[PDB]
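First up is the structure itself, then whatever we jot down about it.
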Amino acid sequence: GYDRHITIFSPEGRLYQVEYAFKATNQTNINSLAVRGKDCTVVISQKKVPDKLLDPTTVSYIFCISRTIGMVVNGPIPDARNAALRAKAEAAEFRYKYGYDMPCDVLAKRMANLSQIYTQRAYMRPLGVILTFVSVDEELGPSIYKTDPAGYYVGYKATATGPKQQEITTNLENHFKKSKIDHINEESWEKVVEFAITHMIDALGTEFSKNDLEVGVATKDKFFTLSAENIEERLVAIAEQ
Amino acid sequence: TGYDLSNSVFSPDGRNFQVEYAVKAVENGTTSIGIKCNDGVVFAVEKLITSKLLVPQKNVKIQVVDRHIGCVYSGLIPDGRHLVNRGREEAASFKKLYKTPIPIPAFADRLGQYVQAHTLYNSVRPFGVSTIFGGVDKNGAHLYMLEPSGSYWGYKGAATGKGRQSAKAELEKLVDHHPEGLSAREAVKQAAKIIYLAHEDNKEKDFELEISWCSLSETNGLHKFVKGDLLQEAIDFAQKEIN
Amino acid sequence: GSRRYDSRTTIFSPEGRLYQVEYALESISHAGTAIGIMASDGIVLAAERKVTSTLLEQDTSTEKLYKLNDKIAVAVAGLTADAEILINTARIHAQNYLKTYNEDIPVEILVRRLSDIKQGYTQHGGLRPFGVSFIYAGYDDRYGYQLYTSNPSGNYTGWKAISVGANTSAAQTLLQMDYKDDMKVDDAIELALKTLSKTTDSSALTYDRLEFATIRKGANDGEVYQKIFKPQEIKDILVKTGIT
Amino acid sequence: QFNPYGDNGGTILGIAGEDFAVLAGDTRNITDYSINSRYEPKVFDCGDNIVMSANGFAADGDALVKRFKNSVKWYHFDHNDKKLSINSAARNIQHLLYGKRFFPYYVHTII
Amino acid sequence: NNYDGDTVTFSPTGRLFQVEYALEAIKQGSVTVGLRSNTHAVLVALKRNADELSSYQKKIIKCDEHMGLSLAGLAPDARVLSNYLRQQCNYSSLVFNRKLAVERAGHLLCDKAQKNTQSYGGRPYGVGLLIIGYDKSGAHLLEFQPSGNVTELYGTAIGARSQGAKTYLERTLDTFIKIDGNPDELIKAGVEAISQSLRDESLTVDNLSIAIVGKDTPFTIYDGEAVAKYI
Amino acid sequence: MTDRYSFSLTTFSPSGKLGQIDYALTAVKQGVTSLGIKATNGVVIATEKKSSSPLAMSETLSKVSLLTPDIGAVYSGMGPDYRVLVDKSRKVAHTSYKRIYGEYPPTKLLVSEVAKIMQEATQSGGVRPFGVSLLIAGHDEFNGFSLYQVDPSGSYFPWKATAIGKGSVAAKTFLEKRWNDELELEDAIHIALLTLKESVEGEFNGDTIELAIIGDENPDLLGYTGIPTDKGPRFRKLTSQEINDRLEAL
Amino acid sequence: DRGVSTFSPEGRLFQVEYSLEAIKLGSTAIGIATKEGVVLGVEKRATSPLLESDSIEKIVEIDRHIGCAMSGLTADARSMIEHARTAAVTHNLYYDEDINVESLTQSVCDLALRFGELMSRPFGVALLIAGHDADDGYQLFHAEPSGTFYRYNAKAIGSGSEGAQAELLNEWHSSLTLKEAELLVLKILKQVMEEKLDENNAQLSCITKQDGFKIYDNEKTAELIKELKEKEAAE
Amino acid sequence: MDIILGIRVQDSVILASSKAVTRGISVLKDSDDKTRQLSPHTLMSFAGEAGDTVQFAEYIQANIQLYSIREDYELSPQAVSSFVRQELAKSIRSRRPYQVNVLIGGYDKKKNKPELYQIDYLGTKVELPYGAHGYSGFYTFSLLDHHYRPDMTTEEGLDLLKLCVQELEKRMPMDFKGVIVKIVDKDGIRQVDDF
Amino acid sequence: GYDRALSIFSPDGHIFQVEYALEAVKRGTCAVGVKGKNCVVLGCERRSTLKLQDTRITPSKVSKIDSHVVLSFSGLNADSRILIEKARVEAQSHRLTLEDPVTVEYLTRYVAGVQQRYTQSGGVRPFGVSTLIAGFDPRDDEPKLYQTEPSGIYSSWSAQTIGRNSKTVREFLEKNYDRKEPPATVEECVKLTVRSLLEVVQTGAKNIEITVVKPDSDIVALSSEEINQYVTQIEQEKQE
Ligand SMILES: [Cl-]
Ligand SMILES: [Mg+2]
């Protein structure tokens, strides 16, 4: 059964290598979440540092692709960094060739097309990662676009990724049923981060310290990650309410 | 099955068994460590004296990259040399274009991406080494450890090889007992002790100690080998602690 | 490495056969039958479309019969997509010859080159062969009217009447029975249709499941005309011979 | 425009006896009207009892001698330390020189 | 078993079987011995013949005036590697007017052998080499294995029954290391060392091959009647 | 390193089957139902927008794609394979035609170029076939309106009307009853919506249905005025609101 | 399947070892080196009586001072001979001299291992390269597809090799004349050959310093065959 | 090289080509045949740059002979001339173009008609009743305009050709050492030995 | 490029791909070559399961490589065209550089070398073809007949056959062909060639092709009636 080793069709029209790449996604056992505000897009991810000898500042699955675009990865770090470096190069080249900053959705498509090539061409394996791209696009506004090893991609009102993704997904679905809108109706990004953390706490059922989380925030003309103290300040605000 | 016969093939778990098999070659190799300190890093390695016929001090395993980065590894020694040769090419092209010497995090990703590239195709074999490396740059001291998968992180202390668990346990005690920091000269002495303690897991053949270090104050930010009086002082410190 | 997954398309069996060529021929044996009949004053090409659907657009469709130049046409049996690759190559080859020598390409030369391409895919490159058999119908001033066939092996032969695709065994027996050398085009038209009508796997032979073409000297004085039959023209010729 | 050649002057002289041979050359190296060196040798022992000089443009002369010395070395490796005969050396040098027929070594060579 | 089809495949215990099989070709090869003092370095090689009508396979190759090796295993692979060493030694001379350090010679061989163990299609070198040389830091002896591993030693031996000579040198270490300014005595110690690997056969005139390099001695090989002194 | 897969991954089996093409067709069978109907004065192509999640914005994912101003495409099977085919199809329309002749290719020839690309994935080294079937609707001056189906093999067939994917067998039978040669475009849109309701299970509205037409020229969608010969694209994607209007009088 | 350049567990290249089996199936070729010259002789082995035996070219000139006899898949030898001839002539062009027999053999043996995944497989032919040069005199070399070559005083290759080699072991001494060596090749060929030895199914050749490499006529070999039979009957 | 002429009459094509090969101030040869038989009924004469002429002629000859063997069929003079023109048309935009002018005289066996083609080094082809390359044309064209008739015999064509050679021998600056004359007709190619 | 080593050695020292190519030759229609005192004759079988053929345009079994050399074959027909084309190109190239047509030996040696190259080149399979190459060297009246095979070996033959049932016709030729006295005339040589094919063929109608080659580029193919006369004459003498 060599049709399960390379990316060719099985008798039932399936690509097993692609399906097994999807299972590599959860190998880190980390859950991510992304939501949109009025002016911003917030992404949050669990941060697990098991080894005491690790330098916790270097342990990260969130990446600054360009000034405007941020990317969080669900999957092993080597493939995550492979994807990040390529996305950075693609975003830079786009700006040089076409004279404007690469949009979040266009980068997502480009990376998705690359992923598609690995599902069709035999010598290249799929990357075992799910890439969630976030920005505040100058045309489309707050944006979340997500790519997988199949080469599939789509925009999102909000999204979640990881082992307990379904619990987070339904938690967010129920909120948007209630609020009757496509986003978090909130002025400051600080409170959108608070929303994101609060709803992750409810869905996963765990409490978070400052070092258990990792936060990325996209605003107009910049994407940035929060420090431990920025998150701690944010956790204190949730607790006092 | 047959998922483990070819590199870059995902198993039904989502694993690349060929990379995990390369890790076994690393686990088989001699012990090597890295200790981050106040203003730099210290590297040390176990050299098994196979025979009396081995010339002492003349089978050097620790390698320098550029002038400010030290690299040490455990597993297939030739694979480690190939990786350093690439590292030197990467560091040379960085300095050529950007003038400044390559930063350690920048350098770490250059090796990471190259090792990760050897998990993408069935026409190449994964690297049979875990590489501990680091140095001093504009932002201070950095220690890294890189694995056959291309996975790397920053470390306070790092260890790999046959005596990795013994060394890790000893490293964890140093991190706990010295929260404010460990000095460069202390780290050299501790490195010696930890190699001697980690030698208990490889005690058939007796061994030769080799240490190197980068420190902003002690070596002026450059990579140097610990030799002569400072080496013997570290050996004596290690000898006193085992007894 | 990649050796593991190589089918080895260009090798011999222990018996001295080319596996892939033999299996490509097996593929072609399920394709709709195509018949060529060469008369003294023209050539007929007849072909059966593969199980037609009632909602298929019949008039603006081309599956079996293709034009290579003004003097040469081909009937296809096998994978259409593969045939189109080869047809465009053959079309280009004909124009290269015309550009070079200022003369229309002799039929055999075009056939040989197309057959040499197929041969290449069986001897080198490690690729699968083209799953296609052609019937070439054409005219030149050296040999006059000519019928050829080529198959995935790259071997070609000349014929007075020939069939490719499905039920060739039965079709060839029927052609061998009723064919004679002093035959006219209009008689060959009738023979072609009668043969398909008996060898068809369908219940009854109808206009919508046929492609038809003639190459006559029926133009005005010493010149050749290609006629790719329209749906209504096939309907009329089918009534005229008394099949429907 | 860049001129890749120059004239370093000097002169050389070879004479052959019955059981010996001499190859002489002055030690002066010049450019235009200046003296570069009063002692810059240009007659070299190349091994196998072969002496050589390539006078004219010194850079091309040094390059040629360097290549022939290296040619002698590889002749030993490839042919079981066989002594390179003077006639065989000569023919080898022809191929070195002619190899640059369309960008010549500006030298008069004597062995 | 299932992991020895090519060099690109690791076994479940982390072994490279094609490299190990290449290592096996060395064990089948005829014995050769290396040893050095502070002033000189010596290679001693037992040559092998096909039969009495054949010549004895030449084991020792010269790389430069100051460096050379002895081989054990596939002789054509030794020819490729020795040729590479000749070029590297020669590059160092032409470009830098510098004799190639014996340590760098080893590093270059290691890296060349390694590339063949990590790529599909190729194969490991099927030969082991003992490189001797005299450079700016005195006399040297190296042991090359086609895994890539190169090792600097006082003395060693490779080939069939090389453990006999290797044990002898391990005992004699303190004696032969101090044979300074005496070529013939250092060779004698090497000839006595290789004699510990002999079974049924003894050292004859067209069987023994000796090479030496040192302080005021270019790399020179002795065969035939020139080695009759040491029998 | 390097692509060592220089050999065919699709080969003939002893029975004469091309396994990978058959298996690609099986992947198309699993795919969501899409259809196309040709009218006298237009063509309609339609499909269901299968949403992966309710949090996902299905507007951002376009199953019906403009290839040229007068040609549109829809698919059934693997979405990523379709997306790259659309990219290549758009580009080939320029490189192999518009940059030569100064005008857009006719439907049949663009279809032929797409078919060629899909055939090469069936024979070239180190690749699998595309896991999609396309329905390409288009108009050109000399051929008028046309509708084509393109399969993983690279074979293409012109259709009066057809369906592909999940419930294609039932959908084709439905279309055979309703189709005639005198259908106006609005009648074809009506039948398309009826046919598609059979295969769709969940919600059936303008937000879950994607539908486009090849009809009259749209000067309002051109973007400029002044050139009389340039009259605008015949391809138009129906809006969510425009679909719901026709679902009331269903 | 498996790689072309793969090692066996015993430390040998599979393909090289399999090519050696092909060489054992080949027709017998014998070479004997003396101080008066080197003799080369081969079994022609015509597959049918209708085949014109004089067209069987298994002994071949490389240069005036170097000859060559082959055994195994003889079609594979053509490109080896072509390379040898070019190497010999090219060296004469570059150095105005004859090329050493050993250096020629080494150049041929460099082709041997240039196979893998360069050509697709090793050569299926062994060569006996006989010649003369001023330095090492009369020489005989056995060049294998392993890339290895041994110098020999005498050597047999092909199907009757192990039986002929044992015979050459006893018969060869350092004072053999050329005439003695010619008869010895004919004697040993007649022993190991299936069909009865004559001038048509066996061929002799030699290389001497004075006359260079010469293939013998069927008339000349026939007289040596007749001389051989008389000498064996004489005791 | 220098003088090549061609005359197409009723039933044949006649090619006259100068015998002199000059380099510098020396006539090296006075019996040179500046022509190659491309096929049994097709002859090509040539003139131009030294070396290029023969190299080109023989290259064309080899290609036509290869075609003949492959198809067991003689290419028509028109077909050969078109092939030759295309080769020159490629050549002119090459790194180093063939500087060769040719006349192609052939008898088409299918049409039963003689044909004369004039092709210059640029790839400029024309079918003509009479043709010339180089300075020859400046005398012969006007002479043939006057004396040529389309229905002439081969013998009349040879007298007409004698008239051209006489004029060239009178008014040309260089000594071209007479001409080799060859006739191409239904029976193939033959050389006139006494001219 | 496709690199795979398809022709490789097996444990017993055989190259199976080359040997399987010989099986393709054994499947092919029979071809025979007989050389007389002043001529060579090439006889060829044509299988009679193919009726409704057009013999005018169907590729002939004997091919001219030059005006003085011919090539017949047994095995894969498509493969033979590639060898014939290369041989024809080399024939013209030889005339161009040497100013002399090829010898029959040289042309054979070239074709055989091409066949050999395809037995140790990566990505290719051997030619499933054996050839009989016959003719007369330039300015020479001695007949030449050579054989080649997929492995690349070649040799000269007084008479030889290849293809299916070739072992039967080789048996016939081995007793009927006298080396001391070959067929003195054209008629004798053609008759012996036709006789040898009649051991295998079936009927002597449109199943036998005969091509006679004589010195100085004198090659002619016999027609049906001309061959049928030999068939009629042989059968009447047989009934005895
Ligand atoms: Cl893209
Ligand atoms: Mg002109």
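Residue numbers (this note's numbering), protein chains in the order written: chain X, -11 to 229; chain S, 57 to 299; chain Y, 3 to 246; chain D, 1284 to 1394; chain Z, 5 to 235; chain C, 1490 to 1739; chain E, 95 to 329; chain F, -18 to 176; chain G, 37 to 276.
Beta carbons are placed, not taken as given, at the ideal position from N, Cα and C, and that holds for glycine.
Closer than 8 Å, CB to CB, is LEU57/Z near chain E or not? yes
Pull up the DSSP beta-bridge partners for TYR158/Y, would you. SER152/Y
Residues near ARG114/Y by beta carbon distance below 6 Å, same chain, minus five either side: Same-chain partners within the cutoff: there are none.
Please tell me whether, using a cut-off of 7 Å, the distance from the CB of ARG98/X to the nearest non-hydrogen atom of ligand 4 is below it. Of the ligands one can find in the structure shown, namely ligand 1 and ligand 2, none is ligand 4.
Nearest to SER141/Z by CA position, among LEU133/Z, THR208/Z, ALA197/Z, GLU107/Z, is which residue? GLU107/Z
Exposed unless 16 or more other CB atoms sit within 10 angstroms - verdict on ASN1733/C: exposed
Say yes only if the C-beta of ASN14/X is nearer than 7 Å to one or more non-hydrogen atoms of ligand 1, and no if none qualify. No, the beta carbon of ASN14/X sits no closer than 7 Å to any heavy atom of ligand 1.
For the beta strand (DSSP E) holding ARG215/E, just list the boundary residues, first then last. Neither: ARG215/E is in no beta strand (DSSP E) and is coded neither H nor E.
Sequence-distant residues of the same chain with beta carbon closer than 7 Å to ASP132/F, five excluded per side: If we look at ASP132/F and ignore the five residues flanking it on each side, its Cβ neighbours are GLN(-9).
Output needed for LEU1664/C: all residues of its chain with C-beta closer than 8 Å, excluding positions within five of it in sequence on either side, in chain order. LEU1524, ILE1526, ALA1650, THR1651, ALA1652, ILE1680, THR1684
Taking 6 Å as the limit between beta carbons, can you name the residues of its chain near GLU196/E, skipping five residues before and five after? none
Can you say whether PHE1385/D is buried or exposed, counting buried as having 16 or more other CB atoms within 10 angstroms of its CB? exposed
Using only the heavy atoms of ligand 1, determine whether one of them is closer than 7 Å to the beta carbon of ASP1576/C. At a cut-off of 7 Å, the beta-carbon of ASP1576/C counts as near ligand 1: some heavy atom of the ligand is closer than that.
Would you mind telling me which residues of chain Z sit closer than 7 Å to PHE1360/D, beta carbon to beta carbon, in chain order? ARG90
Any idea what DSSP makes of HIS185/E, helix, strand or coil? helix
With three or more beta-carbon pairs closer than 8 Å as the criterion, would you say the region 38 to 46 of chain G touches the region 1 to 13 of chain F? no
Taking only the alpha-carbon atoms, compute the straight-line gap between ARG51/F and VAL54/G and give it to the nearest angstrom. 28 Å
Contact between the region 195 to 209 of chain X and the region 142 to 151 of chain S (3+ Cβ pairs under 8 Å): no
Against chain X, does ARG10/Y count as a neighbour if the rule is that its beta carbon must be under 8 Å from one of theirs? Not an interface residue.
Residues in the region 14 to 45 of chain F with C-beta within 7 Å of chain G's C-beta atoms, listed in sequence order? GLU39, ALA43
So, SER167/X versus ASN173/X, is the Cβ gap smaller than 8 Å? yes
Would the beta-carbon of residue 1397/D fall within 8 Å of that of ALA1341/D? Past the boundaries of the shown model lies residue 1397/D; chain D is included only from 1284 to 1394, so the question cannot be answered.
Are the beta-carbon atoms of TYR1645/C and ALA1604/C separated by less than 8 Å? yes
Name, going along the chain, the residues of the region 143 to 170 of chain Y whose beta-carbon falls closer than 8 Å to a beta-carbon of chain G. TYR145, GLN148, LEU149, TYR150, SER155, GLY156, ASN157, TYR158, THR159, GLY160, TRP161, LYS162, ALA163, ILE164
When you compare the CB positions of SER108/G and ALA67/G, do they come within less than 8 Å of one another, or not? yes
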